[PDB]
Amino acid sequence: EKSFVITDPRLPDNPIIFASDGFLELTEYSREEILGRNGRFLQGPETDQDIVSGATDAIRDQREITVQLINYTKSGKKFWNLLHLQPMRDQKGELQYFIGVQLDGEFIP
């Protein structure tokens, strides 16, 4: 299944309001464990903070970006998360949601 989430940047700290079954499977968290949280909950000691701070600034500026960073499953297993973030805008062009796709790393070294 594709792993993706939908966040609402019109709510405080841009929480996840929808998580695909692929995301549950990739992360090992349940839907109850995920919803209402900011995506950074997957991050941990080895995550690159310069990439994180860079993504924060890009997201504030409503840019579409791709980043690759270390995340952790619920049980503490590290994985490379190739994460594509895209604003979704309403009919008038105003930001409504962000879509985050956790892309497969199979052909990514």
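Residue numbers here begin at 1 and follow the sequence given.
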| query | finding |
| --- | --- |
| Per the PDB entry, maximal CA B factor within 40, 84, 74, 60 | 74 |
| Chain-wide C-alpha B factor ranking for residue 47, given as lowest, middle or highest third | middle |
| Chain third (lowest, middle, highest) by recorded CA B-factor, residue given as residue 93 | highest |
| Third of the chain, ranked by Cα B-factor, where residue 15 sits | lowest |
